[PDB]
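Chemist: The structure follows.
Laboratory data are not the source of any read-out in this text; all were calculated from the coordinates shown. Neighbour counts run over all protein chains shown; Cβ positions are idealised from the backbone, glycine included.
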Amino acid sequence: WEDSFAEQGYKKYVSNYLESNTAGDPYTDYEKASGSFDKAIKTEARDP
Amino acid sequence: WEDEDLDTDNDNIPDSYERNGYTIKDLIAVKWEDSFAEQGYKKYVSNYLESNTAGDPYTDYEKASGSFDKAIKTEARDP
Amino acid sequence: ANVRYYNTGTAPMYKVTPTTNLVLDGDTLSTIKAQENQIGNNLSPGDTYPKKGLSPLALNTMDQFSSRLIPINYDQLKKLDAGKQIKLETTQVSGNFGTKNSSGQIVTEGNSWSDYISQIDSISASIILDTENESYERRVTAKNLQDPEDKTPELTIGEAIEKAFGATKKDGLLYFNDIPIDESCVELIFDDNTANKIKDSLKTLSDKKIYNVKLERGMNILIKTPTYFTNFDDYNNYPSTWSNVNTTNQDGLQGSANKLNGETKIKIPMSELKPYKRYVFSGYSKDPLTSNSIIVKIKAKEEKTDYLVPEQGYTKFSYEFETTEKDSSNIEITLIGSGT
Amino acid sequence: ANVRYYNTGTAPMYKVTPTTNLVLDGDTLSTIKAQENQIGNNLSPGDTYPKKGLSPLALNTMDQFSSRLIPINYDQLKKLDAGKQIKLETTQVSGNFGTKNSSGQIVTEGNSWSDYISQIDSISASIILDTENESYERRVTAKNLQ
């Protein structure tokens, strides 16, 4: 992450490096950051 | 090689994908030229980061080449 | 109740099981999900279950295994007895689709359509054509310009209607099996939100055509072909000949050259159209001096209105009349004026 | 009873099966788990079953194979006749969610939400917004310091 990506439209988010589901929901962190899980779930639920 | 690294396994080349387009020929996707319009070939493009660019359960290669079903109308053949 | 199904769209559906909803007057009597008797095995697109030559299909049961006929208590029986009728709605439909194996046999076992619905609807915009013999509804995807990582080829709406139905670029315009579809030769109907988006995104374009605006995420567009059309070079489908016409520079638009005065009158008998409906009569503008549009239709509003150009630019006008019931009467449209 | 559903949250839920509770005055007349008649196939977030333009959904039965209409004895009838009204509540809802295979087709068979509920609740804190047209409810995880 660099600070100059923000004008393009990219975000900044972090997670837990001892688990594969840091929020309990049945999608992993990589599967939820990159939107390759479902196209109906809202974009407010993309950061882990 | 330099310009054939398909990211998603849609079995179709990203240079033939984001550019002016592609067209199947003898069940193999090839580059698009403007003189193909006389014979009856179309021109369509798609999304090179997915394997289902419209959501429907047929992939891009499976829907361009009509090897999915013979009852679906040809209006739903471009992806 | 005797019902039959229909299907409009691109793909077929196997093992179709609709669920119906019966209402009478504010109430809701029952919700029926169709059993093994009223199931349907195939639906080729643009066809029905059963076919055109057969009687409809009866439903009278409500269990899983068909017993226990549908009841109605005494007040609802007296309401239904005293002239009224019940209304039937369709809520959802579950079915199947067909995937084939490695050049083997097509299987349909738990390949349900019902989990690809909320994914497709949140990507696509819906375009529905309505001619006078059939209808069509298609779904075309669209780009989301908020997410910069989101990649898909963006396309204009005049390209979306070009790609969805099978249309050909015949002399610049596009024609759907000897029917002209344009911006100025059809009737375009939106709901409120998409009309707001369209009128907000016209003022950034150089050309003020609405077929060059950008397709967006959640939209809804319906089009209707007219029933009678007055293209002058060719394609004027009319049993009644127009009166006091002119023929010079008459190919399309951008060539309006005839300034003439007087009146124009057309009369059509009722044997060529349907009664008890709400027609709409619409056209475009010019830079004349004055005109008026008298309708001489009985059982209706036989008044006129003024023409009143605000400018010389082409801005359309539209009015409406109301048809009689299959009488000897004739619709008589007269247009008086000085200037065109 | 004529009910309709709604959904406020993030992910959609397939094959909704709500169980309702009917009370009149201190009592509890019945607990109804919804059958295959009034089941709902899809529920996108911020929408309803049925949609915005259709009539509501009727429930009148209580078996698994739908027969045996719901009874009311004489005292509850005379209380309901004399002006009162009954109250409906929702206790729990079981449903499904959808995963896709190795670049293949989405499957929804036995992928139930009802075992990710008590894990997500013991991790998260709940934040609910209420404006004049809709509501929103979200769950955000938080750090333990013990």
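Chemist: For C:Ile123, are the conditions met, namely being within 35 Å of the chain's Cα centre (by Cα), surrounded by 18 or more Cβ atoms within 10 Å (Cβ to Cβ) and more than 27 Å from C:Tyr5 (Cα to Cα)?
Modeler: Numbers: within 35 Å of the chain's Cα centre (by Cα): yes; surrounded by 18 or more Cβ atoms within 10 Å (Cβ to Cβ): yes; more than 27 Å from C:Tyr5 (Cα to Cα): yes.
When the stated conditions are applied, C:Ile123 passes them.
Chemist: Which members of segment B:44-72 meet the condition of being closer than 17 Å to C:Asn101 by Cβ and within 7 Å of chain C (Cβ to nearest Cβ)?
Modeler: B:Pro57, B:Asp69
Chemist: Then there is this: In segment C:307-340, what residues are closer than 25 Å to C:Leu188 by Cβ and loosely packed, with under 13 Cβ neighbours inside 10 Å? Explain how you work it out, then say what you get.
Modeler: Residues of segment C:307-340 that are closer than 25 Å to C:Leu188 by Cβ, as a first pass: C:307-323, C:331, C:333, C:335, C:340.
Within segment C:307-340, C:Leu308, C:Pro310, C:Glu311, C:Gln312, C:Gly313, C:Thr315, C:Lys316, C:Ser318, C:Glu320 meet the criteria.
Chemist: Follow-up. So how many residues does segment B:1-24 have that are farther than 14 Å from B:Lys63 by Cα, away from chain D (no Cβ under 14 Å) and surrounded by 11 or more Cβ atoms within 10 Å (Cβ to Cβ)? Steps first, please.
Modeler: So the first thing to find is which residues in segment B:1-24 are farther than 14 Å from B:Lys63 by Cα, and the list is B:1-9, B:13-21.
Adding the requirement that they be away from chain D (no Cβ under 14 Å) leaves B:1-5, B:13-21.
Those still in the list that are surrounded by 11 or more Cβ atoms within 10 Å (Cβ to Cβ) too: B:13-21.
Total satisfying the criteria: 9.
Chemist: Filter segment D:126-146 down to residues that are among the hydroxyl-bearing types (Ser, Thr, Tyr) and part of a strand (DSSP E or B) and give me whichever is farthest from D:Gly9 (Cα to Cα). Steps first, please.
Modeler: Here is the first cut: in segment D:126-146, the residues among the hydroxyl-bearing types (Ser, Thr, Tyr) are D:126, D:131, D:135-136, D:141.
Filter again for part of a strand (DSSP E or B), leaving D:126, D:135-136, D:141.
Numbers: D:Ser126: 12, D:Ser135: 9, D:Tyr136: 6, D:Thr141: 15 Å.
Here the residue is D:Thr141.
Chemist: Could you please find all residues in segment C:248-271 being within 19 Å of C:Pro288 (Cα to Cα) and acidic (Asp, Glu)?
Modeler: C:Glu263
Chemist: Quick test of your reading of the structure: C:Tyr116 fulfils all but one of (1) within 14 Å of chain A (Cβ to nearest Cβ); (2) loosely packed, with under 14 Cβ neighbours inside 10 Å. Name the failing condition by number.
Modeler: It fails just one condition, (2).
Chemist: Does D:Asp47 meet the test of being assigned to a loop (DSSP other than H, G, I, E, B) and not β-branched (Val, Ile, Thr)?
Modeler: Working: assigned to a loop (DSSP other than H, G, I, E, B): yes; not β-branched (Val, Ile, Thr): yes.
Yes; evaluated as a whole, the condition is true for this residue.
Chemist: I would also like to ask the following. Confirm whether C:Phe97 is closer than 30 Å to C:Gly9 by Cα and aromatic (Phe, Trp, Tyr).
Modeler: Values: closer than 30 Å to C:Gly9 by Cα: yes; aromatic (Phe, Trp, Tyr): yes.
When the stated conditions are applied, C:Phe97 passes them.
Chemist: Follow-up question, since we're still on this one. Is one or more of the residues making up segment C:83-102 of a type in the set (S, T, N, Q), away from chain D (no Cβ under 11 Å) and farther than 30 Å from B:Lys63 by Cβ? Break it down into steps so the answer makes sense when it comes.
Modeler: Within segment C:83-102, the first condition is being of a type in the set (S, T, N, Q), and the residues that meet it are C:85, C:90-92, C:94, C:96, C:99, C:101-102.
Subset that is away from chain D (no Cβ under 11 Å): C:85, C:96, C:101-102.
Checking which are farther than 30 Å from B:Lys63 by Cβ leaves us with C:85.
So far as segment C:83-102 goes, yes, one or more of its residues are of a type in the set (S, T, N, Q), away from chain D (no Cβ under 11 Å) and farther than 30 Å from B:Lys63 by Cβ.
Chemist: Please state which one of D:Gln85, D:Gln64, D:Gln76, D:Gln35 is part of a loop (DSSP other than H, G, I, E, B) and either in contact with a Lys or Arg (Cβ under 7 Å, 6 or more places away or on another chain) or surrounded by 13 or more Cβ atoms within 10 Å (Cβ to Cβ) (or both). Quick ask: steps written out before the conclusion?
Modeler: Working: D:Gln85 fails: either in contact with a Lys or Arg (Cβ under 7 Å, 6 or more places away or on another chain) or surrounded by 13 or more Cβ atoms within 10 Å (Cβ to Cβ) (or both); D:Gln64 fails: either in contact with a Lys or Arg (Cβ under 7 Å, 6 or more places away or on another chain) or surrounded by 13 or more Cβ atoms within 10 Å (Cβ to Cβ) (or both); D:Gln76 fails: part of a loop (DSSP other than H, G, I, E, B).
None of the others qualify; the one that does is D:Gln35.
Chemist: Turning to a different aspect of this structure: Condition test on B:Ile72, is it among the β-branched types (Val, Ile, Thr), farther than 20 Å from C:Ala125 by Cβ, surrounded by 19 or more Cβ atoms within 10 Å (Cβ to Cβ) and free of Cβ contacts under 8 Å to residues at least 24 places away in the same chain? Outline the logic, then answer.
Modeler: Values: among the β-branched types (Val, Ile, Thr): yes; farther than 20 Å from C:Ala125 by Cβ: yes; surrounded by 19 or more Cβ atoms within 10 Å (Cβ to Cβ): yes; free of Cβ contacts under 8 Å to residues at least 24 places away in the same chain: yes.
Yes.
Chemist: From the list B:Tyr48, B:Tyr17, which one is of a type outside the set (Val, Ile, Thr), within 13 Å of the chain's Cα centre (by Cα) and not in a loop (DSSP other than H, G, I, E, B)?
Modeler: Values: B:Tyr48 fails: not in a loop (DSSP other than H, G, I, E, B).
Criteria check complete, one pass: B:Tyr17.
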